[PDB]
Amino acid sequence: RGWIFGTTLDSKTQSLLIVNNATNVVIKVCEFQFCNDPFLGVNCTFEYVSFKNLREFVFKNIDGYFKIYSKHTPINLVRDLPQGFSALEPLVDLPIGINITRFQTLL
Amino acid sequence: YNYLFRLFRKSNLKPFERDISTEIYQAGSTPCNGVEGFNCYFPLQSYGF
Ligand SMILES: *[C@@H]1O[C@H](CO)[C@@H](O)[C@H](O)[C@H]1NC(C)=O
């Protein structure tokens, strides 16, 4: 359901949080003191709001912009990545200005 | 004194990189252990206009 990106991930430097709420996508950049092992279930320089599936994402950070590309496709078989080709299309281009060296996934 | 600038950093910024951090700059052989001292500095000056 989302990702953490940054350098320290402790509050000593800013970090980027991306979360999917099913109603919305929520994106926030802050001096977060993130959990030692983050989880989901039922200050701050920037904020923004807007097996059978394979969901693909590309992330890169260039000149302070954080760029995201994505694609969704069905799959016929469940063992690992399906051999073939389709191109990811640009999702968003966030003007955040933060440095990134590590990331983590929100299960 | 409301206006400040960073005098020291570990490395130069990338284009449009923004860095808030006030962790103590080590300028030499002194192990700073999170506090100021000889060759250990709070990295922001003020203009004092
Ligand atoms: C970005 O963060 C890393 C964290 O290890 C640091 O080494 C590097 O100096 C930073 N980049 C810049 C351009 O200062």
# chains A, B, ... in the order shown; residues from 1 in each chain; ligands from 1
$ residues_near_ligand --ligand "ligand 1" --cutoff "10 Å" --atoms "only C-alpha atoms and all ligand atoms" --output "PDB file with N, CA and C atoms, in the first residue's frame"
ATOM      1  N   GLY A   6      14.259   7.988   1.693  1.00  0.00           N
ATOM      2  CA  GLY A   6      15.078   9.030   2.320  1.00  0.00           C
ATOM      3  C   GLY A   6      16.548   8.656   2.455  1.00  0.00           C
ATOM      4  N   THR A   7      17.265   9.304   3.370  1.00  0.00           N
ATOM      5  CA  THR A   7      18.669   8.985   3.696  1.00  0.00           C
ATOM      6  C   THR A   7      18.780   8.295   5.061  1.00  0.00           C
ATOM      7  N   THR A   8      18.384   8.980   6.136  1.00  0.00           N
ATOM      8  CA  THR A   8      18.424   8.493   7.527  1.00  0.00           C
ATOM      9  C   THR A   8      17.207   7.659   7.923  1.00  0.00           C
ATOM     10  N   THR A  13      17.124  13.973   9.102  1.00  0.00           N
ATOM     11  CA  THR A  13      16.963  14.529   7.742  1.00  0.00           C
ATOM     12  C   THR A  13      15.542  14.238   7.237  1.00  0.00           C
ATOM     13  N   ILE A  98      14.230  16.741  -1.984  1.00  0.00           N
ATOM     14  CA  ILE A  98      14.854  15.876  -0.967  1.00  0.00           C
ATOM     15  C   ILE A  98      15.875  14.917  -1.599  1.00  0.00           C
ATOM     16  N   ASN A  99      16.927  14.587  -0.847  1.00  0.00           N
ATOM     17  CA  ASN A  99      17.926  13.576  -1.196  1.00  0.00           C
ATOM     18  C   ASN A  99      17.434  12.175  -0.785  1.00  0.00           C
ATOM     19  N   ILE A 100      17.672  11.146  -1.599  1.00  0.00           N
ATOM     20  CA  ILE A 100      17.240   9.764  -1.339  1.00  0.00           C
ATOM     21  C   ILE A 100      18.406   8.807  -1.592  1.00  0.00           C
ATOM     22  N   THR A 101      18.589   7.857  -0.677  1.00  0.00           N
ATOM     23  CA  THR A 101      19.658   6.847  -0.702  1.00  0.00           C
ATOM     24  C   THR A 101      19.137   5.462  -0.305  1.00  0.00           C
ATOM     25  N   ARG A 102      18.011   5.391   0.416  1.00  0.00           N
ATOM     26  CA  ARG A 102      17.342   4.165   0.872  1.00  0.00           C
ATOM     27  C   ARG A 102      15.829   4.287   0.724  1.00  0.00           C
TER      28      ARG A 102
ATOM     29  N   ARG B   9      29.155  22.095   5.179  1.00  0.00           N
ATOM     30  CA  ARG B   9      28.463  20.841   4.829  1.00  0.00           C
ATOM     31  C   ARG B   9      29.452  19.717   4.496  1.00  0.00           C
ATOM     32  N   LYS B  10      29.026  18.462   4.673  1.00  0.00           N
ATOM     33  CA  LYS B  10      29.780  17.241   4.313  1.00  0.00           C
ATOM     34  C   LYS B  10      30.174  17.212   2.830  1.00  0.00           C
ATOM     35  N   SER B  11      29.247  17.589   1.948  1.00  0.00           N
ATOM     36  CA  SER B  11      29.450  17.762   0.504  1.00  0.00           C
ATOM     37  C   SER B  11      28.525  18.849  -0.051  1.00  0.00           C
ATOM     38  N   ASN B  12      28.874  19.422  -1.202  1.00  0.00           N
ATOM     39  CA  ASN B  12      28.058  20.417  -1.904  1.00  0.00           C
ATOM     40  C   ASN B  12      26.672  19.845  -2.271  1.00  0.00           C
ATOM     41  N   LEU B  13      25.660  20.707  -2.379  1.00  0.00           N
ATOM     42  CA  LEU B  13      24.298  20.339  -2.782  1.00  0.00           C
ATOM     43  C   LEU B  13      24.215  19.899  -4.254  1.00  0.00           C
ATOM     44  N   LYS B  14      23.296  18.980  -4.565  1.00  0.00           N
ATOM     45  CA  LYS B  14      22.766  18.775  -5.927  1.00  0.00           C
ATOM     46  C   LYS B  14      21.780  19.892  -6.324  1.00  0.00           C
ATOM     47  N   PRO B  15      21.493  20.095  -7.624  1.00  0.00           N
ATOM     48  CA  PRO B  15      20.517  21.081  -8.084  1.00  0.00           C
ATOM     49  C   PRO B  15      19.145  20.937  -7.419  1.00  0.00           C
ATOM     50  N   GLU B  17      18.473  20.606  -4.373  1.00  0.00           N
ATOM     51  CA  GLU B  17      18.510  19.888  -3.093  1.00  0.00           C
ATOM     52  C   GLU B  17      18.280  20.863  -1.928  1.00  0.00           C
ATOM     53  N   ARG B  18      17.400  20.496  -0.994  1.00  0.00           N
ATOM     54  CA  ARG B  18      17.041  21.279   0.193  1.00  0.00           C
ATOM     55  C   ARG B  18      17.397  20.503   1.458  1.00  0.00           C
ATOM     56  N   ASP B  19      18.237  21.063   2.319  1.00  0.00           N
ATOM     57  CA  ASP B  19      18.742  20.371   3.510  1.00  0.00           C
ATOM     58  C   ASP B  19      18.526  21.195   4.784  1.00  0.00           C
TER      59      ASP B  19
END
$ closest_atom_pairs --of "chain A" --to "chain B" --cutoff "12 Å" --atoms "only C-alpha atoms" --output "JSON lines"
{"residue": "A:6", "atom": "CA", "partner": "B:19", "partner_atom": "CA", "distance": 12.0}
{"residue": "A:7", "atom": "CA", "partner": "B:19", "partner_atom": "CA", "distance": 11.4}
{"residue": "A:8", "atom": "CA", "partner": "B:21", "partner_atom": "CA", "distance": 11.1}
{"residue": "A:10", "atom": "CA", "partner": "B:21", "partner_atom": "CA", "distance": 11.8}
{"residue": "A:11", "atom": "CA", "partner": "B:21", "partner_atom": "CA", "distance": 9.3}
{"residue": "A:12", "atom": "CA", "partner": "B:21", "partner_atom": "CA", "distance": 6.3}
{"residue": "A:13", "atom": "CA", "partner": "B:21", "partner_atom": "CA", "distance": 5.7}
{"residue": "A:14", "atom": "CA", "partner": "B:20", "partner_atom": "CA", "distance": 7.6}
{"residue": "A:15", "atom": "CA", "partner": "B:19", "partner_atom": "CA", "distance": 11.0}
{"residue": "A:29", "atom": "CA", "partner": "B:18", "partner_atom": "CA", "distance": 11.7}
{"residue": "A:30", "atom": "CA", "partner": "B:20", "partner_atom": "CA", "distance": 10.3}
{"residue": "A:31", "atom": "CA", "partner": "B:20", "partner_atom": "CA", "distance": 8.9}
{"residue": "A:43", "atom": "CA", "partner": "B:20", "partner_atom": "CA", "distance": 10.1}
{"residue": "A:44", "atom": "CA", "partner": "B:20", "partner_atom": "CA", "distance": 10.8}
{"residue": "A:45", "atom": "CA", "partner": "B:18", "partner_atom": "CA", "distance": 9.6}
{"residue": "A:46", "atom": "CA", "partner": "B:18", "partner_atom": "CA", "distance": 11.7}
{"residue": "A:61", "atom": "CA", "partner": "B:17", "partner_atom": "CA", "distance": 10.5}
{"residue": "A:62", "atom": "CA", "partner": "B:15", "partner_atom": "CA", "distance": 8.5}
{"residue": "A:63", "atom": "CA", "partner": "B:15", "partner_atom": "CA", "distance": 5.0}
{"residue": "A:64", "atom": "CA", "partner": "B:16", "partner_atom": "CA", "distance": 5.0}
{"residue": "A:65", "atom": "CA", "partner": "B:16", "partner_atom": "CA", "distance": 8.4}
{"residue": "A:66", "atom": "CA", "partner": "B:17", "partner_atom": "CA", "distance": 11.5}
{"residue": "A:95", "atom": "CA", "partner": "B:16", "partner_atom": "CA", "distance": 9.1}
{"residue": "A:96", "atom": "CA", "partner": "B:18", "partner_atom": "CA", "distance": 8.5}
{"residue": "A:97", "atom": "CA", "partner": "B:17", "partner_atom": "CA", "distance": 4.7}
{"residue": "A:98", "atom": "CA", "partner": "B:17", "partner_atom": "CA", "distance": 5.8}
{"residue": "A:99", "atom": "CA", "partner": "B:17", "partner_atom": "CA", "distance": 6.6}
{"residue": "A:100", "atom": "CA", "partner": "B:17", "partner_atom": "CA", "distance": 10.4}
$ write_last_selection --atoms "C-alpha atoms" --output "mmCIF file, in the first residue's frame"
data_model
loop_
_atom_site.group_PDB
_atom_site.id
_atom_site.type_symbol
_atom_site.label_atom_id
_atom_site.label_comp_id
_atom_site.auth_asym_id
_atom_site.auth_seq_id
_atom_site.Cartn_x
_atom_site.Cartn_y
_atom_site.Cartn_z
ATOM 1 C CA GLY A 6 15.078 9.030 2.320
ATOM 2 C CA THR A 7 18.669 8.985 3.696
ATOM 3 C CA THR A 8 18.424 8.493 7.527
ATOM 4 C CA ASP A 10 15.129 8.756 11.371
ATOM 5 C CA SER A 11 14.125 12.453 11.823
ATOM 6 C CA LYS A 12 17.741 13.864 11.495
ATOM 7 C CA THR A 13 16.963 14.529 7.742
ATOM 8 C CA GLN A 14 13.681 14.799 5.722
ATOM 9 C CA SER A 15 12.002 11.718 4.133
ATOM 10 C CA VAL A 29 7.511 15.021 2.887
ATOM 11 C CA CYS A 30 8.684 15.719 6.446
ATOM 12 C CA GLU A 31 11.339 15.241 9.192
ATOM 13 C CA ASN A 43 7.536 21.362 9.633
ATOM 14 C CA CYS A 44 6.711 19.155 6.560
ATOM 15 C CA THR A 45 8.021 20.765 3.326
ATOM 16 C CA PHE A 46 5.494 19.253 0.840
ATOM 17 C CA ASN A 61 15.095 11.429 -8.374
ATOM 18 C CA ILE A 62 16.538 14.110 -10.753
ATOM 19 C CA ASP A 63 17.224 17.868 -10.117
ATOM 20 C CA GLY A 64 15.077 17.724 -6.924
ATOM 21 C CA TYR A 65 12.067 16.229 -8.810
ATOM 22 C CA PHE A 66 10.871 12.719 -7.847
ATOM 23 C CA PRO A 95 8.953 18.959 -6.943
ATOM 24 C CA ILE A 96 10.196 17.784 -3.496
ATOM 25 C CA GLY A 97 13.964 18.727 -3.438
ATOM 26 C CA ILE A 98 14.854 15.876 -0.967
ATOM 27 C CA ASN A 99 17.926 13.576 -1.196
ATOM 28 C CA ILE A 100 17.240 9.764 -1.339
#
$ select_by_dssp --residues "chain A" --states "strand (DSSP E)" --output "number ranges by chain"
A: 2-6, 15-20, 25-30, 46-49, 53-62, 65-74, 89-94, 102-106
$ atom_distance --atom1 "atom CA of residue A:20" --atom2 "atom CA of residue A:103"
16.5 Å
$ atom_distance --atom1 "atom CA of residue A:21" --atom2 "atom CA of residue A:1"
7.8 Å
$ residues_around --residues "stretch 39-46 of chain B" --least-positions-apart "4" --cutoff "10 Å" --atoms "only C-alpha atoms" --output "count of residues only"
25
$ atom_distance --atom1 "atom CA of residue A:60" --atom2 "atom CA of residue A:35"
24.0 Å
$ residues_around --residues "stretch 82-87 of chain A" --least-positions-apart "4" --cutoff "9 Å" --atoms "only C-alpha atoms" --output "tab-separated table (two decimals) with N, CA, C and O atoms, in the first residue's frame"
chain	number	residue	atom	x	y	z
A	54	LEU	N	-0.50	-7.78	-12.06
A	54	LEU	CA	0.85	-7.25	-11.91
A	54	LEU	C	0.76	-5.73	-11.95
A	54	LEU	O	0.24	-5.16	-12.91
A	70	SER	N	4.11	4.23	-14.11
A	70	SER	CA	3.41	3.02	-13.69
A	70	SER	C	2.66	2.32	-14.80
A	70	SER	O	2.37	2.91	-15.84
A	71	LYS	N	2.34	1.04	-14.59
A	71	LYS	CA	1.44	0.25	-15.45
A	71	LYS	C	0.77	-0.86	-14.64
A	71	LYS	O	1.43	-1.48	-13.80
A	73	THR	N	-1.34	-4.62	-15.33
A	73	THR	CA	-1.72	-5.65	-16.31
A	73	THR	C	-2.22	-6.92	-15.61
A	73	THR	O	-1.72	-7.25	-14.53
A	75	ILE	N	-2.24	-11.11	-15.30
A	75	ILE	CA	-1.30	-12.23	-15.53
A	75	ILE	C	-2.06	-13.57	-15.58
A	75	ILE	O	-3.03	-13.77	-14.85
A	76	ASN	N	-1.61	-14.49	-16.44
A	76	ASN	CA	-2.20	-15.83	-16.58
A	76	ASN	C	-1.61	-16.89	-15.62
A	76	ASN	O	-2.23	-17.92	-15.38
A	77	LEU	N	-0.41	-16.65	-15.09
A	77	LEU	CA	0.40	-17.61	-14.33
A	77	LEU	C	1.11	-16.90	-13.16
A	77	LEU	O	1.41	-15.71	-13.24
A	78	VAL	N	1.36	-17.61	-12.05
A	78	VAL	CA	1.57	-16.99	-10.72
A	78	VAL	C	2.96	-17.22	-10.09
A	78	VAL	O	3.18	-16.79	-8.96
$ residues_around --residues "stretch 67-69 of chain A" --least-positions-apart "4" --cutoff "6 Å" --atoms "only C-alpha atoms" --output "PyMOL selection string"
chain A and resi 57-60+88-93
$ residues_around --residues "residue A:106" --least-positions-apart "2" --cutoff "10 Å" --atoms "only C-alpha atoms" --output "count of residues only"
13
$ decode --residues "stretch 11-48 of chain B" --atoms "N, CA and C atoms" --output "PDB file, in the first residue's frame"
ATOM      1  N   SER B  11      29.247  17.589   1.948  1.00  0.00           N
ATOM      2  CA  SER B  11      29.450  17.762   0.504  1.00  0.00           C
ATOM      3  C   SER B  11      28.525  18.849  -0.051  1.00  0.00           C
ATOM      4  N   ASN B  12      28.874  19.422  -1.202  1.00  0.00           N
ATOM      5  CA  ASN B  12      28.058  20.417  -1.904  1.00  0.00           C
ATOM      6  C   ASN B  12      26.672  19.845  -2.271  1.00  0.00           C
ATOM      7  N   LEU B  13      25.660  20.707  -2.379  1.00  0.00           N
ATOM      8  CA  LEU B  13      24.298  20.339  -2.782  1.00  0.00           C
ATOM      9  C   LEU B  13      24.215  19.899  -4.254  1.00  0.00           C
ATOM     10  N   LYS B  14      23.296  18.980  -4.565  1.00  0.00           N
ATOM     11  CA  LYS B  14      22.766  18.775  -5.927  1.00  0.00           C
ATOM     12  C   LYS B  14      21.780  19.892  -6.324  1.00  0.00           C
ATOM     13  N   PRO B  15      21.493  20.095  -7.624  1.00  0.00           N
ATOM     14  CA  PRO B  15      20.517  21.081  -8.084  1.00  0.00           C
ATOM     15  C   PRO B  15      19.145  20.937  -7.419  1.00  0.00           C
ATOM     16  N   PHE B  16      18.625  22.040  -6.876  1.00  0.00           N
ATOM     17  CA  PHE B  16      17.404  22.105  -6.061  1.00  0.00           C
ATOM     18  C   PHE B  16      17.342  21.128  -4.864  1.00  0.00           C
ATOM     19  N   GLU B  17      18.473  20.606  -4.373  1.00  0.00           N
ATOM     20  CA  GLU B  17      18.510  19.888  -3.093  1.00  0.00           C
ATOM     21  C   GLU B  17      18.280  20.863  -1.928  1.00  0.00           C
ATOM     22  N   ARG B  18      17.400  20.496  -0.994  1.00  0.00           N
ATOM     23  CA  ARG B  18      17.041  21.279   0.193  1.00  0.00           C
ATOM     24  C   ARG B  18      17.397  20.503   1.458  1.00  0.00           C
ATOM     25  N   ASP B  19      18.237  21.063   2.319  1.00  0.00           N
ATOM     26  CA  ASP B  19      18.742  20.371   3.510  1.00  0.00           C
ATOM     27  C   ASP B  19      18.526  21.195   4.784  1.00  0.00           C
ATOM     28  N   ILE B  20      17.563  20.771   5.607  1.00  0.00           N
ATOM     29  CA  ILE B  20      17.226  21.430   6.875  1.00  0.00           C
ATOM     30  C   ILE B  20      18.285  21.153   7.957  1.00  0.00           C
ATOM     31  N   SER B  21      19.010  20.030   7.879  1.00  0.00           N
ATOM     32  CA  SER B  21      19.603  19.382   9.055  1.00  0.00           C
ATOM     33  C   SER B  21      20.581  20.264   9.837  1.00  0.00           C
ATOM     34  N   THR B  22      20.454  20.258  11.165  1.00  0.00           N
ATOM     35  CA  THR B  22      21.291  21.025  12.107  1.00  0.00           C
ATOM     36  C   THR B  22      22.228  20.140  12.941  1.00  0.00           C
ATOM     37  N   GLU B  23      22.452  18.889  12.532  1.00  0.00           N
ATOM     38  CA  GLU B  23      23.444  18.004  13.158  1.00  0.00           C
ATOM     39  C   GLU B  23      24.862  18.612  13.073  1.00  0.00           C
ATOM     40  N   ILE B  24      25.670  18.454  14.126  1.00  0.00           N
ATOM     41  CA  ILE B  24      26.914  19.220  14.315  1.00  0.00           C
ATOM     42  C   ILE B  24      27.957  18.880  13.244  1.00  0.00           C
ATOM     43  N   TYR B  25      28.506  19.905  12.592  1.00  0.00           N
ATOM     44  CA  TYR B  25      29.578  19.753  11.615  1.00  0.00           C
ATOM     45  C   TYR B  25      30.921  19.504  12.306  1.00  0.00           C
ATOM     46  N   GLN B  26      31.556  18.378  11.984  1.00  0.00           N
ATOM     47  CA  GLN B  26      32.923  18.060  12.384  1.00  0.00           C
ATOM     48  C   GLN B  26      33.920  18.608  11.350  1.00  0.00           C
ATOM     49  N   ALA B  27      34.699  19.618  11.738  1.00  0.00           N
ATOM     50  CA  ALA B  27      35.665  20.300  10.874  1.00  0.00           C
ATOM     51  C   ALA B  27      37.082  19.688  10.879  1.00  0.00           C
ATOM     52  N   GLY B  28      37.328  18.639  11.673  1.00  0.00           N
ATOM     53  CA  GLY B  28      38.661  18.044  11.821  1.00  0.00           C
ATOM     54  C   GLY B  28      38.705  16.814  12.730  1.00  0.00           C
ATOM     55  N   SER B  29      39.826  16.632  13.426  1.00  0.00           N
ATOM     56  CA  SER B  29      40.137  15.444  14.239  1.00  0.00           C
ATOM     57  C   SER B  29      39.364  15.326  15.564  1.00  0.00           C
ATOM     58  N   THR B  30      38.617  16.347  15.990  1.00  0.00           N
ATOM     59  CA  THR B  30      37.783  16.294  17.206  1.00  0.00           C
ATOM     60  C   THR B  30      36.532  15.422  16.993  1.00  0.00           C
ATOM     61  N   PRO B  31      36.349  14.288  17.699  1.00  0.00           N
ATOM     62  CA  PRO B  31      35.093  13.541  17.655  1.00  0.00           C
ATOM     63  C   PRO B  31      33.998  14.324  18.396  1.00  0.00           C
ATOM     64  N   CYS B  32      33.039  14.887  17.658  1.00  0.00           N
ATOM     65  CA  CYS B  32      32.112  15.882  18.211  1.00  0.00           C
ATOM     66  C   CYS B  32      31.022  15.298  19.128  1.00  0.00           C
ATOM     67  N   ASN B  33      30.669  14.016  18.961  1.00  0.00           N
ATOM     68  CA  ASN B  33      29.662  13.300  19.766  1.00  0.00           C
ATOM     69  C   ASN B  33      28.328  14.068  19.951  1.00  0.00           C
ATOM     70  N   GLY B  34      27.889  14.793  18.917  1.00  0.00           N
ATOM     71  CA  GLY B  34      26.615  15.520  18.908  1.00  0.00           C
ATOM     72  C   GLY B  34      26.604  16.882  19.617  1.00  0.00           C
ATOM     73  N   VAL B  35      27.761  17.495  19.902  1.00  0.00           N
ATOM     74  CA  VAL B  35      27.848  18.823  20.546  1.00  0.00           C
ATOM     75  C   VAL B  35      29.018  19.658  20.001  1.00  0.00           C
ATOM     76  N   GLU B  36      28.914  20.986  20.087  1.00  0.00           N
ATOM     77  CA  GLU B  36      29.972  21.905  19.649  1.00  0.00           C
ATOM     78  C   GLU B  36      31.258  21.800  20.490  1.00  0.00           C
ATOM     79  N   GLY B  37      32.353  22.332  19.949  1.00  0.00           N
ATOM     80  CA  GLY B  37      33.681  22.345  20.564  1.00  0.00           C
ATOM     81  C   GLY B  37      34.741  22.861  19.592  1.00  0.00           C
ATOM     82  N   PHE B  38      36.020  22.720  19.931  1.00  0.00           N
ATOM     83  CA  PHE B  38      37.104  23.039  18.995  1.00  0.00           C
ATOM     84  C   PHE B  38      37.020  22.137  17.748  1.00  0.00           C
ATOM     85  N   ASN B  39      36.907  22.732  16.556  1.00  0.00           N
ATOM     86  CA  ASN B  39      36.593  22.051  15.286  1.00  0.00           C
ATOM     87  C   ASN B  39      35.237  21.294  15.248  1.00  0.00           C
ATOM     88  N   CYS B  40      34.250  21.686  16.061  1.00  0.00           N
ATOM     89  CA  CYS B  40      32.882  21.153  16.021  1.00  0.00           C
ATOM     90  C   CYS B  40      31.851  22.290  16.116  1.00  0.00           C
ATOM     91  N   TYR B  41      30.985  22.440  15.110  1.00  0.00           N
ATOM     92  CA  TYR B  41      30.154  23.641  14.950  1.00  0.00           C
ATOM     93  C   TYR B  41      28.686  23.343  14.644  1.00  0.00           C
ATOM     94  N   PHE B  42      27.783  24.142  15.207  1.00  0.00           N
ATOM     95  CA  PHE B  42      26.418  24.278  14.711  1.00  0.00           C
ATOM     96  C   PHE B  42      26.478  24.900  13.300  1.00  0.00           C
ATOM     97  N   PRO B  43      25.993  24.214  12.250  1.00  0.00           N
ATOM     98  CA  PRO B  43      26.379  24.520  10.870  1.00  0.00           C
ATOM     99  C   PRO B  43      25.736  25.780  10.271  1.00  0.00           C
ATOM    100  N   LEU B  44      24.807  26.436  10.974  1.00  0.00           N
ATOM    101  CA  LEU B  44      24.113  27.633  10.494  1.00  0.00           C
ATOM    102  C   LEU B  44      24.636  28.898  11.191  1.00  0.00           C
ATOM    103  N   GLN B  45      25.045  29.890  10.406  1.00  0.00           N
ATOM    104  CA  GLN B  45      25.283  31.261  10.858  1.00  0.00           C
ATOM    105  C   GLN B  45      24.015  32.109  10.713  1.00  0.00           C
ATOM    106  N   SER B  46      24.006  33.301  11.308  1.00  0.00           N
ATOM    107  CA  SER B  46      23.007  34.339  11.038  1.00  0.00           C
ATOM    108  C   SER B  46      23.663  35.625  10.541  1.00  0.00           C
ATOM    109  N   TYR B  47      22.981  36.339   9.649  1.00  0.00           N
ATOM    110  CA  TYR B  47      23.467  37.596   9.079  1.00  0.00           C
ATOM    111  C   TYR B  47      23.499  38.761  10.076  1.00  0.00           C
ATOM    112  N   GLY B  48      22.553  38.814  11.022  1.00  0.00           N
ATOM    113  CA  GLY B  48      22.479  39.892  12.011  1.00  0.00           C
ATOM    114  C   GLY B  48      22.286  41.284  11.397  1.00  0.00           C
TER     115      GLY B  48
END
